[PDB]
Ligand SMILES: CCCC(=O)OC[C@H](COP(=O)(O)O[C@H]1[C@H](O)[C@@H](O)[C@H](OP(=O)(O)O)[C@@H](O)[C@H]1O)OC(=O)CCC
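Encoded as structure tokens, the following chain is the form deposited without the named molecule, with no partner shown.
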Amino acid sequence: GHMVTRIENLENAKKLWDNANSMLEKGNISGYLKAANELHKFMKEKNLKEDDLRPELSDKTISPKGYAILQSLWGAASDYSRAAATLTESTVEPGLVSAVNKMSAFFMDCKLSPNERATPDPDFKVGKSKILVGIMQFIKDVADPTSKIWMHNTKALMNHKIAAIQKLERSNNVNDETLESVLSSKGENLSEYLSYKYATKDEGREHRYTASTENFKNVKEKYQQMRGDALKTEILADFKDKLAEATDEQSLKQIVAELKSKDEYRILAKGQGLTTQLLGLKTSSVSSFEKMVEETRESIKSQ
């Protein structure tokens, strides 16, 4: 087991920084943040500081275009941080977005002394929505699997917001008001969040065959005392969370195959009324699950 020189670690930090700058230059926001994050992780592990790396970057430059993107990123992040501070919740999401700012600042501080001014190209424009999606993608990548914003898993909420912003992009309805609604949302409306009209934590609808965990040997213990629409709501929520761990197309297909093999999925797929079972259509909850797979696919088919 084994040692590395300071020279050698600085040379690798220089490469990590270059990779970040290169992503910055191409306008790949999530790629830049991720690359910044790797630089920080590597430097922390080798006990290297920004001022150790700075002299070594003397032959490298953040372009004017680069500083313009970083200024837009800074602005979008500050604004998002404020917008995410809400009556429902104001600690986690703002903390996460302001930390994205601190990560970018770290990339800048490797190159610039404490008071040096950024020199952004004033003509270079970058769409607010591409920035926000990038921020959200980075937060989704880096937040702990157990992180929660209000009552919802953080990775899942990010994918939800990224899909909402992408829908605004596709239908040409992106403006400050529609972005604000997304940035300030915590998924308070459960039925929209899960894409399931009958989402509830209460008794929901009357059913001749109210969904039940009895007759499913393998169902997790947490569901055993839930029934009906509420049972399905809880299964869908946990499925949404598991789907949010997907990182690429192969990963998503694998997770989907796992979830569809579970007794919880058969509960979703089992109709709760006799007329409905005789029709031979997908249940509403299975439909919701399929929409979540599509949402997750869109939040991940991008970079």
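Don't overthink the numbering: it's just position in the shown sequence, from 1.
Although not depicted, the form deposited with the named molecule bound is the subject of the following passage.
**Student:** Open or blocked? Place the named molecule on this chain by superposing the surrounding C-alphas onto its site in the bound PDB entry, and call it blocked when 3 or more ligand atoms come within 2.4 Å of backbone or C-beta atoms.
**Tutor:** Here the answer is blocked - the superposed ligand has 3 or more atoms within 2.4 Å of backbone or C-beta atoms.
**Student:** Can you pick out, from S63, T276, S261, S251, the residue that has a heavy atom within 4.5 Å of the named molecule in the bound PDB entry?
**Tutor:** Result of the distance check: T276.
**Student:** Which pick from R82, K220, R205, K102 sits with a heavy atom within 4.5 Å of the named molecule in the bound PDB entry?
**Tutor:** Only one option qualifies, and that one is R205.
**Student:** I need the one stretch from 197 to 205, 165 to 173, 105 to 113, 82 to 90 whose residues put non-hydrogen atoms within 4.5 angstroms of the named molecule in the bound PDB entry.
**Tutor:** Only one stretch passes the 4.5 Å heavy-atom test: 197 to 205.
**Student:** Indicate whether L268 is a 4.5 Å heavy atom neighbour of the named molecule in the bound PDB entry.
**Tutor:** Answer yes; at least one heavy atom of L268 falls within 4.5 Å of the named molecule in the bound PDB entry.
**Student:** Applying a 4.5 Å heavy atom distance criterion, does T283 contact the named molecule in the bound PDB entry?
**Tutor:** Yes, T283 lies within 4.5 Å of the named molecule in the bound PDB entry.
**Student:** Should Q272 be classed as touching the named molecule in the bound PDB entry when contacts are defined as heavy atoms within 4.5 Å?
**Tutor:** Because a heavy atom of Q272 falls inside 4.5 Å of the named molecule in the bound PDB entry, the answer is yes.
**Student:** Is any part of 215 to 234 within 4.5 angstroms of the named molecule in the bound PDB entry by a non-hydrogen atom, and which residues would that be?
**Tutor:** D229, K232, in sequence order.
**Student:** Please find the hinge residue among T283, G75, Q254, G27, where one rigid part turns relative to the other between this form and the one not shown.
**Tutor:** Every other option is far from a hinge; the hinge one is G75.
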